[PDB]
Every structure is written in structure tokens, then in C-alpha cells.
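**Student:** Sequence positions in the sequence shown follow the entry's author numbering and run 217 to 274, 282 to 327, 343 to 611, 666 to 728, 745 to 913, 975 to 1018, 1028 to 1542.
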Amino acid sequence: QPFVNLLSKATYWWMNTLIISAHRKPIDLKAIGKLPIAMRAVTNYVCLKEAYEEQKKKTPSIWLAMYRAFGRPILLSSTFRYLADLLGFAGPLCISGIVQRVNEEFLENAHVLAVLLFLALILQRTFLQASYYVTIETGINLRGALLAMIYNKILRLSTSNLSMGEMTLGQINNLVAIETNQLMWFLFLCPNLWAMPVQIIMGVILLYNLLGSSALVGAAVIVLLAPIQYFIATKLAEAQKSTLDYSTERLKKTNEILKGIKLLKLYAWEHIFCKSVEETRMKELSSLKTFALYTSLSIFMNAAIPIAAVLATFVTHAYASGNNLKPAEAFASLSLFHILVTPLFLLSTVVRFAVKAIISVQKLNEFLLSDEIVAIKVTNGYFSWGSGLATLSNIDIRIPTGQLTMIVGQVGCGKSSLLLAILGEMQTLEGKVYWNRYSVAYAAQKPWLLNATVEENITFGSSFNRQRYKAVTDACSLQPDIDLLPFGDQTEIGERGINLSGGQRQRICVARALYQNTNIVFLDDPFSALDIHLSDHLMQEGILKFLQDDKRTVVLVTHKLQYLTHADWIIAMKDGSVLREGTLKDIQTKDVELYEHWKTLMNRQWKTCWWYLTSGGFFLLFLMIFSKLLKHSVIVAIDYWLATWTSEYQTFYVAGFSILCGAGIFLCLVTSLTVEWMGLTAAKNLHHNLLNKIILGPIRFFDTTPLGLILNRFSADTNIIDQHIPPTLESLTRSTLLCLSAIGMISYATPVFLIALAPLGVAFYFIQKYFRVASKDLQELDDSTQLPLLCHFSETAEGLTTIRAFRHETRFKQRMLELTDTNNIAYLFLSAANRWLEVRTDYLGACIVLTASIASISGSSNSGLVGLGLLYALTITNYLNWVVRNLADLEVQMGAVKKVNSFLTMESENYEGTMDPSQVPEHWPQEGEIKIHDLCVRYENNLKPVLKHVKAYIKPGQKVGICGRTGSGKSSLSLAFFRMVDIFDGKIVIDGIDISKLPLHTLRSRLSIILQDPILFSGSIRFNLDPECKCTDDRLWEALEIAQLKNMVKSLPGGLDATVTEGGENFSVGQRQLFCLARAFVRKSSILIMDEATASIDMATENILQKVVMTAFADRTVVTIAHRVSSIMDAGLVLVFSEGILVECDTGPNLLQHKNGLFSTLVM
Ligand SMILES: CCOc1cc(CC(=O)N[C@@H](CC(C)C)c2ccccc2N2CCCCC2)ccc1C(=O)O
Ligand SMILES: Nc1ncnc2c1ncn2[C@@H]1O[C@H](COP(=O)(O)OP(=O)(O)OP(=O)(O)O)[C@@H](O)[C@H]1O
Ligand SMILES: Nc1ncnc2c1ncn2[C@@H]1O[C@H](COP(=O)(O)OP(=O)(O)O)[C@@H](O)[C@H]1O
Ligand SMILES: [Mg+2]
Ligand SMILES: [Mg+2]
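(1) Rounded to whole angstroms, what is the Cα-Cα separation between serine 586 and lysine 724?
(2) Among the candidates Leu462, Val1359 and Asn759, whose CA atom is the shortest distance from the CA of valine 579?
(3) Going straight from the alpha carbon of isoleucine 1203 to that of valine 886, what length do you get?
(4) Please go through the segment 401-431 and give each complete beta strand (DSSP E) segment of 3 or more residues, from N-terminal end onward.
(5) With a CB to CB cut of under 8 Å and the five nearest residues on each side skipped, what residues in its chain are close to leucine 523?
(6) Given the structure, does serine 398 come close to ligand 4, in the sense that its CB is under 7 Å from one of the ligand's heavy atoms?
(7) Work out the CA separation of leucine 758 and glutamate 1173 for me, nearest whole Å.
(8) Among the candidates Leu413, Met1284 and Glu1187, whose CA atom is the shortest distance from the CA of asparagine 390?
(9) What does the Cβ neighbour count give for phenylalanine 1362, buried or exposed, with the cut at 16 atoms within 10 Å?
(10) With DSSP as the reference, label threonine 761 as helix, strand or coil.
(11) Helix, strand or coil: how does DSSP classify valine 666 here?
(12) Output the boundary residues of the alpha helix (DSSP H) element that contains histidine 1170.
(13) State buried or exposed for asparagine 728, treating a residue as buried only when at least 16 other CB atoms are found within 10 Å of its CB.
(14) Bridge partners of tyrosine 557, per DSSP?
(15) Tell me the residue span of the alpha helix (DSSP H) that contains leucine 989.
(16) Taking contact to mean 3 or more Cβ pairs, one atom from each stretch, closer than 8 Å, check whether the segment 1235-1245 and the segment 1113-1133 are in contact.
(17) Report yes or no: do three or more beta-carbon pairs, one from the segment 1206-1223 and one from the segment 395-410, lie closer than 8 Å?
(18) Measure from the alpha carbon of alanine 238 to the alpha carbon of each residue in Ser1383, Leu1159, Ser843 and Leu710, then state which is nearest.
(19) Between which two residues does the alpha helix (DSSP H) harbouring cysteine 1039 extend?
(20) Is the Cβ-Cβ distance between residue 973 and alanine 257 less than 8 Å?
(21) Mark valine 748 as exposed unless 16 or more other C-beta atoms lie within 10 angstroms of its C-beta, in which case mark it buried.
(22) Is the Cβ-Cβ distance between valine 1496 and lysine 1337 less than 8 Å?
(23) Would you mind sorting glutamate 1522 into buried or exposed? The rule is 16 or more other CB atoms within 10 Å of its CB.
(24) Which value, in whole angstroms, describes the spacing of the CA atoms of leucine 1107 and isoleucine 1072?
(25) Under the criterion of a Cβ to heavy atom distance below 7 Å, does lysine 707 qualify as lining ligand 4?
(26) Hey, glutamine 362 and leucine 310: beta-carbon distance below 8 Å or not?
(27) At which residue ranges does the segment 1379-1418 contain complete beta strand (DSSP E) runs of 3 or more residues, listed in the order of the chain?
(28) Which first and last residues belong to the alpha helix (DSSP H) in which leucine 366 is found?
(29) Among the residues of its own chain, which have a CB less than 7 Å from the CB of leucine 1197, if the five just before and after it don't count?
(30) Could you check how far apart the C-beta atoms of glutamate 1440 and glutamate 494 are, in whole angstroms? I think they sit under 8 Å.
(31) So does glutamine 753 have its beta carbon nearer than 7 Å to some heavy atom of ligand 4?
(32) State the CB to CB distance for the pair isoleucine 378 and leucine 1206, rounded to an integer number of angstroms; the pair is presumed to be in contact (CB under 8 Å).
(33) Could you please give the first and the last residue of the uninterrupted beta strand (DSSP E) stretch that includes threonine 481?
(34) Which residue from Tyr674, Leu574, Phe356 and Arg590 puts its Cα closest to that of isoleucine 470?
(35) Heavy atom of ligand 1 less than 7 Å from the Cβ of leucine 758, yes or no?
(36) Classify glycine 1122 as buried or exposed, calling it buried when 16 or more other Cβ atoms lie within 10 Å of its own Cβ.
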């Protein structure tokens, strides 16, 4: 009975059910059983950690610890691998014996030898496939522990700027994605280092015995394949490494277009800004050409050399040896080269991965050495962010139990430092910290949000309590902003989630601390980017009413001393030293100056598959498929030619043999180049069009579509097409022809074999049909679960302070251990499913050999031909698997092309204008007059007009003001000028021309608009002044001085051509608004649209805008939508829009004069 269990483990019958289930229902984690504790990340991490700690007892070596953990399984796998190679060598020996016994006793009989071959091949591949699976179990178990192990370091890292920085996040994000995968892949290929070289030595050893001194000449050439393959391998790495480099920043430029896409389209240089991506795109391809050529060359040397090896052998033996070639010798030896081609060709891969693994392990072992770390009573505190210099000195604070212990100080002054020191985030060189450590609900000063729901973010692993959630939402005033969110409390936020504003981001985290039921809180300047009212609102209810009900301690570091009276305690610290400790009563009496000085500052106020091929052009598609037929035609004839030559058992046969191999070598070059030459042309045309369609795409699409999904087309899907399809498409065509031809050639040698084909074809089709859908679905799971694992590691890296603060370590560790477990299963059952296919094609493959062996014995053909059929029988079993696995890989990759093709045909905005271009003369908007005729404006095809029946004549040069109710038709009207929102009815006429009846790009260009938050794109300031570059350089300097920025610019390096960070990082927010004004003047628009211009702008900077607008654009007409409606008091023409209706339309003073209308209530 236990033989049944051994067999079932040996042929992966256990996977079979799942495979069949894939047809009935998609395979999913529910359908896949839970991973055994023998392979869960917990046990693997414990084993590896125990080995590593024993090593640390003996710096410890990662390599030796990994061996001590995972040695026995790879020893077993290598034993299986040897037993597989030795039985694989039965192939040539059995073929030689058969051919000798045929053509005229227990072992000599061909039948007994034929059956022996059938048992050998079955046993060879049962062993060989099992040997692969053991390493995969070992390899995955290794990746299981490492991801757990390096994660333990992340929670124990230190956030000091010295030990952690922007460079640090590069390693950890890359270590999980790359360093471990390279280390895992090495383990998959670990046996080969001592398996393939043993086979190579044996293969040559047999060759000499088969032929004589001739085979060495052929063996010598074949040996040279491996050094060639390594030299080609290195050149691929440099070609690919450069290729990734251009691709990496090409995505960065892609992100800039896709984020803030409206901004580019408004200024009409969406086309021009796109071409900046094409410039890098051509360089990306210029790396690919060097890569594609070398990949084709690697294919060439994989085929041209063995054919040159045989040509070197048989020609040699025809002269060095008096004996004419015998049929048994030829096809025994000729088979052996096919046995040796794969290990010689792939040996460059295993050694290269050995180099990569040793690179990563050294990289990963450097990682581990990275630096690792009265409610609150601290006396004589001395804290330092490393650097051997106490960043905090003379620290002595007391935080009374269950009271608001607020801290006051100036810029710097150890503001955030004091809190983190209590949390163990920095070294305390002296003193002692007494939590008189409980869980501390610290709030990060910076905004760090998980890629999950707001409710999860506020609960943060706490049991839901809507009444407790109610007060938190009310006290932190999270209720109103929630209504705006798509899925409410189930709105996923963060980098993966919806992009928020700074003020709303801060309140979410603060709410978390109130949610957590702990005696201690550390609220770090929540009002950093908040309105004063909400902070006052929080100080009344959230700070006092909510917390005092819980009677928990609060330590709120504050900069406005107006709330110190509310504070039960005040802590004054400056220069990293505590100025004085005491309440407001104690501080004023003891430190009279502090009371006045603070108050002084307080006073201060598969049809796609065919579609993909045709992309290059019919000739390129024809040439590839036409030539590949010819290559096999010559190759097969070469194998046949030996049958004609060896049937003799001699300058004729050799002569015809050299030329054939000459064409075979040459045709190998042609069929190698044509496939890749298709790939680049197929790669270029697909991506080239795609960027155009997105740019012309409607703005409404970008609002609907998540930003993560759109960029995925250019990041992953385009990567698949460019680099993965041409390799797979090459191997599929090569493997199919070999399988199609070999079955043909065997059948031609033994026509009786065709009767035996009827069942075998049926069996192959069912395995081909069923596995494809089972591998495709598992493939989706492997990618699906891999991505959140990387997201978790990046999320835990950022803001470890909170994780250490809340004592959320263990819960977060558990999340990772389960997250990786869901990922290993997907990859493990992807490899086990793939193994199931390989076993059941060899069990099928052995049947082809067995039928070919038995049929050939019965046939009385030429002794060479019966040998030839057996040769292809052995080759079939090798390639009959890759015709399925590559096809599955091709089918999945055709998914990317299907997605791209949809985007290509999905949508466009109508850039063409019906009226002739001659209609618009030079400087059309010069007049500046605006005319609105019964306008109706709604972006969504079926929706109410956001602007309805709008009509208000605008005089030329009139600083018209438009305002109303918050969220009631104010900004929509702005884009209505820019036609971004379709004017379903009515019309807008500017200077006697309806804006609808004009080319779209003309309308966008000749206008000037300023959004609420200006954004500056990567490049020079000249790039941000005129991407079109048409404007002469003289004007560019004028605008900055007009914008009052030229003086600031001159200090910057490079003068006018000064590099600018993407997104306006270099310039301050106030400075950012200055950049737009520079763009405003150059256009000579005569129309300015300042929608929410003063919004998100400091009052000091705001005065400049009013100074600039009244002066710089006096002749221009400024249609202002003010953040503060008071600025429209002096507007000569003022429009009020409520519910999409012109509720008030008169002069500013006349608005108060006519009646206490909407504007009058708006201001007052
Ligand atoms: C675990 C993922 O990877 C594997 C890994 C293995 C273990 C393994 O030494 N393979 C040999 C193949 C045989 C022909 C030697 C090999 C060696 C060097 C380079 C690649 C490969 N192979 C692996 C990558 C695909 C190309 C051939 C088996 C099977 C697989 C697999 O596909 O599932
Ligand atoms: N995590 C850290 N790593 C290294 N240096 C730090 C760290 N936190 C603070 N410092 C340094 O300690 C000093 C005082 O920082 P402090 O805690 O007062 O900041 P802050 O006033 O809260 O900051 P900000 O208001 O700019 O956000 C500064 O020199 C600062 O660079
Ligand atoms: N992307 C969107 N999709 C659907 N409706 C929106 C979208 N953005 C805004 N709205 C709604 O349309 C109105 C537009 O208001 P608007 O006139 O643009 O002034 P503001 O921009 O100051 O809200 C808002 O009340 C809002 O509720
Ligand atoms: Mg700070
Ligand atoms: Mg608005």
C-alpha cells in the first residue's frame, strides 16, 4: 500500500484535482489548502534564526547558517539528480545496442533492450522531476524565512537620519523585491553546480568510447560553448541594466504627465510634453537593440556550435579512422551531443546566478548590521540622534498622570526630539525615562497613511465601536471630509489610496490615538497644517471632553500658547534644553519674562496573437516563419544524411555533409535574427501609439480611472511585450517545429507508428488543454499576492516610530507571516503544477519512445533509418514539455497586448476644429471680451448642467469676479472656457468667435489659467517657462522679474537654465505660485483665469499676487475666483453662481447696494 503514497508523491497526483478544478472554478486561495506548518514562514524563520544565532555564538556567515538550515533537502535533491543523469545516459547506450542488434543473448535482444529503455526513461524523469521539486520546496522555504527575517530587522531598525535616509528606503524596498529573489533562484539551481559538470565529464567520457579519438575534436568545440555563453551573458546584463535605467526614468516622466494631466492640457503643450518621453523612449530602444542582438547571438551560438561540433566530429572520423562510420556509432554519439547541449548552454546561467547570489548575500549581511535600537518621569535627559553628539541636553521633564501636559517651544528647540526620546527612537546617553513601557499612541508629525480604509486607519487593529468611533469622528471633525470620499469609511487611503490634502491627512492619525484605549498619548503638533478653528474645536472636545472621559494622560507639543491655559501643565524647551517646568500659574510667577515673551509672540498674529505578429509588417512575419521552416529542413536532412552515409557499413558523403551543415549554421543566424528583429518592431509600434492615445484621452477618463492601473500599462505590460514575448515566441516556434518534425520523421521512418499516434495525440491535447487554464489562473495568483507583500515592507519601513510607539510590532509581524504564507503557496503550487505537466509529458514521452523502439524493430528498412527514428524519439521527450509550458507563458503574455489594444482604441477628445484655421487670425483673444449665450455645462454625458442658462456680458479689460457657494458651479465654469467640460448646449463667444467652433489646441494655448495649487515639472526653469520653446529668451527673463522671481533665480546655480525638482519641490509653495505668473505673461493671452489663486497661499505672498495682477496684467482681463470672497468687493463686474444659476450679477458695491443678496450674505 505505501507504494501508492510513494507513487502519488512521485507523479504529483495530488495537484491533479486542483488542475481539473481550474476548469470548473478558478483556482483560488480558498481552493488551495493551507500551507503545512512544516513549510510555514514561522517554522522556516525559527530554524534559520536558530542557525544564525548559533553562528553568532561562533561575524556569523549567512551562507553557513543557510546550509545548516537547508542542507539535507538539497543533498537529497542532488542524489536524485545524479540518479537521473546516470539513467539519462541509458539513452545513447540503448540506442547503440538496438542499432547494433538490429541489422544482424539475454541482454543482446533488441526487445529486451527496448523495454529496458522504457523503464529507464520513466525512472529517469520520475527521479529528475522529483529532484526539481525538492529544491523548489527548499528554495521557497528559504525565501520564506528571509522575508520574515529581514522584516524582523525592519521593526528593530533605527530612524535616526544618520542610519536611515532616502537611500535606506532604496535598499529595503529592493532587498525584498530583488535580493531575496536572486538568492532564492540560486537555490533552485543549486544542485547543477555539481550536477551538470559531472554530466559534462561523463558525456565526453562516453563519446570517446563510442567513436574514438575523433569525438574529442567534437567534444572540444562543444566545451567552448559554455565560455561563449558566459561572455554573451555578461553583455546581456550590461545591455539590460542600461535598458532598465532608461526605463526607470521614462516611467518617472510618464508619471508627471499622468499626474496633473489637466494642467498640461490646459496650457496646450500635452503633445509637446509627451515628446520629451519619446526622446528617452528612443534611447530605451537603443539599449534594446544591443540587448536584442545579443539575445539572438545567444540563440545562434546555442545552435550553430553543436551543428559545427557534429560537422567537426564526423568529418574527423571519416579520415582519422580506417573504419567507416557505423550506424550505431553515429546515432549513439549524435544523440549524446543533444544530451550535452543543454548542460553546456545553461551552465553559464548557474554560475552567473552564483555570482549574483554572492552579491546579494554580502548585500543582505550588510543590511543586518544596520543600527538597531506623574505619568512620565525623566530626570537629567541626554539624547542624541547618533553622531556622538547629544542633540538634547539638560532634559528634565515631568508629565503628571492623566493630565494635558502641553509642551511649548520655538522652531527646532528639540520639539519633536523630546517625544521620540521617550519612545526609545534615539539613544539616551544619560538619565532615565520612567513611564510612571505602556502602549503610547504617538502621532507622526509627518503624514503616513496605510494603503487601506480610513476605518482601519482609525481603528488600527482595534475592535470597532461606532459610538466610540462617533465621538472620535466628531471630535476630530472627520465626519464632513468622509462624505466626499467614494466608499466612505471604506475608502482606501495612502499612496495606493485616494490622494488627500495635508490638513485632512493629519487629523486621521490623531483620531487613531483617541481611538486606542491607553493611559498615555503623545500628540505631536497635529495643528501643523490645520485651520485654527478645527484645532480649537479639537482642543475643546477631542483634547478635553473625549480624553478626560477616558481620564488618560496627554502630552501635546504645541506652538500656540493661547491653549496653554487649557493645558494642565506647560513644558518650555529651547536649544534642546528645558527652559522651565511648571503650569501657567507657576511659570508666570517664577518666570515673569516667559509669560510676557510668549504673550508677545502670542500677540503676533487569441486574435491578439495574430494581431501582435502583423504589427511589424507581413514580410517580417513571413520571413520569420518561412526561414524557421528552412532551418529545420536543413537540420532534419542532416540527420537523414547520416542515415544515407552510415548505411554503407568516402569524400562524397563528407562533401554533401559539409555544405548541409554550412546552410544549417547560416540559417541558424537568419532564424535567430528575424525573431528579435520582429520583437523590436513589434515592441516599438505598440508602445509608440499607446502614449498618443492616453494624451488625447478625455479628462473624465483620468478622473474615473485609478492612477495605479493606467501606469501599469507602461510599467509592467509594456515591459512584458518589449522583453518577454520575443523570447517565449522564439522558443515556442523552435520547440513546436522540433516536435512536429520529429514526430514526422519517426513516422516517415516507421509508417506503422502513425497508428500509435491516435491515442498519444489525444493524451497530449488533454494535458495541453487542461494545464493551460490551470497554469494561467495560478500565474495570476502568484502575481496577485506578490505585490501586497512589497507594499507591506515599504509601509512598515516608513514610520516605524508609530509601530514602535503603539506596541503594534507583534500584530504587524503576524500580518507579514500570513501575507508571505499566502504568497509562497501561490508560487509553490505554481511550480508543483508545472512539475505535474513535466512528469505527465515524459510518461507520455516514454510511450513515443516505446512505440518507436518496438515499431522500428519490426521494420526492415535501412539500418541507419531505424537508428534515426530512435534518435528523434529521445529528443521528443525533451521538447514535448516546452511546447506546453511556453504556450501557457505565451497565452498569459498575450494578456498584456490585449490590454494595450483596448487602450489604443478606447477614446479621444476631439482636437479638430470645424472652422478653418484661416478663420482665427494672429492674436485672437486680444480683445479679451467674453460673451456667454444661455450656456449649459455638464461633463458627464447624462447629468444636470453644472452651469445652467449662464449669460453675463463681460467688457474688455474687465477684472471680472466670479464666486458663490462652496461647491456650487464656481470652478466648473473655469474649465468651460477651456472646453475640458463639454458645453452640451448654448455657446461661448470670445471676441466674436464661438469657442466651440475652433480647434481644441488653439483654445487651450491662447489662454492663461492658474489652478489652486501650482505645480512645476522636472527640468529647467526655461522648460517650465515655455516647453514649446517658441518664445524668445528675452521675454523669459522679463516674466520672472515681473513675477518677482528673477532676483531669487539669480542666486540659483545655472542662472535662467536652473534645474528644478519634479513637482515644484525646490520652490516653496508661495514661490510655486510665482512660477505660474511667469507663464501667464509669456502667452500674451489677454485672459487670466485665477481660480482659487489665493487659496493655499500665504497672506504675505498673497499681497504680491494682488500687486502683480493689478500691475502686470492691467490690460488683461482677470476672471478671479477668490478663496476669500472679500477680495471681490471692488470688482467692477461680479457674478454669483448658485445651483448653476447667475443668482447675482452686478458691481461689487452694487451687490450690497441692490439688496442683501447671496454675495452680501457671503461676505457678511
Ligand atoms: C523553479 C523555477 O525554475 C525551475 C528550476 C528548476 C531547477 C533546474 O535546475 N532547472 C534547469 C533545467 C534543466 C534543463 C537543467 C535549469 C538550469 C539552469 C537554468 C535554468 C534551468 N531551468 C529553470 C528556469 C527555466 C529554464 C530551465 C527546474 C524547473 C524549474 C521550472 O521551470 O519550474
Ligand atoms: N530623527 C532624527 N534624526 C536626526 N536628527 C534629528 C531627528 N529628529 C530631529 N533631529 C534634529 O534634532 C534637532 C531638533 O529637532 P526637533 O525635534 O526640535 O524638530 P522640530 O522642531 O519638531 O521640527 P520641524 O518643526 O521642522 O518638523 C535638529 O537639529 C534636527 O535636525
Ligand atoms: N470629479 C468629480 N466628479 C463628479 N462630481 C464632481 C467632481 N468634482 C466636483 N464635483 C461636484 O461638482 C461641483 C463642482 O464645483 P465647482 O463649481 O467646481 O466649485 P469647487 O471646485 O470650488 O467645488 C462640486 O459641488 C462637486 O460636488
Ligand atoms: Mg518637527
Ligand atoms: Mg473648487
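Every residue, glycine too, gets a C-beta built ideally from N, C-alpha and C.
**Tutor:** Let's see:
(1) 59 Å
(2) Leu462
(3) In this structure, the straight-line span from the alpha carbon of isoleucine 1203 to that of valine 886 is close to 55 Å.
(4) none
(5) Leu1058, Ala1061 and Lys1062
(6) No, the Cβ of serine 398 stays beyond 7 Å of every heavy atom of ligand 4.
(7) 7 Å
(8) The residue with the shortest Cα to Cα distance from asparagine 390 is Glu1187.
(9) exposed
(10) strand
(11) coil
(12) 1131-1175
(13) exposed
(14) Paired residues: none, contrary to the question.
(15) For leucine 989, the enclosing alpha helix (DSSP H) starts and ends at 987-1015.
(16) yes
(17) no
(18) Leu1159
(19) 1029-1074
(20) Missing from the coordinates is residue 973; the shown part of the chain jumps over it, going from 913 to 975.
(21) buried
(22) yes
(23) It counts as buried.
(24) 28 Å
(25) Checking every heavy atom of ligand 4 against the Cβ of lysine 707, one is found closer than 7 Å.
(26) yes
(27) 1386-1388
(28) 348-393
(29) Closer than 7 Å at Cβ, skipping near neighbours: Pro1166, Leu1167 and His1170.
(30) About 6 Å; that satisfies the 8 Å criterion.
(31) yes
(32) 5 Å
(33) Element bounds for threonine 481: not the beta strand (DSSP E) but the alpha helix (DSSP H), 463-496.
(34) When each option's Cα is compared against that of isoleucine 470, the closest is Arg590.
(35) With a cut-off of 7 Å, the C-beta of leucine 758 is classified as distant from ligand 1, since no heavy atom of the ligand falls inside that distance.
(36) Around the beta carbon of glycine 1122, a 10 Å sphere encloses fewer than 16 other beta carbons of the protein chains shown; the residue is thus reported as exposed.
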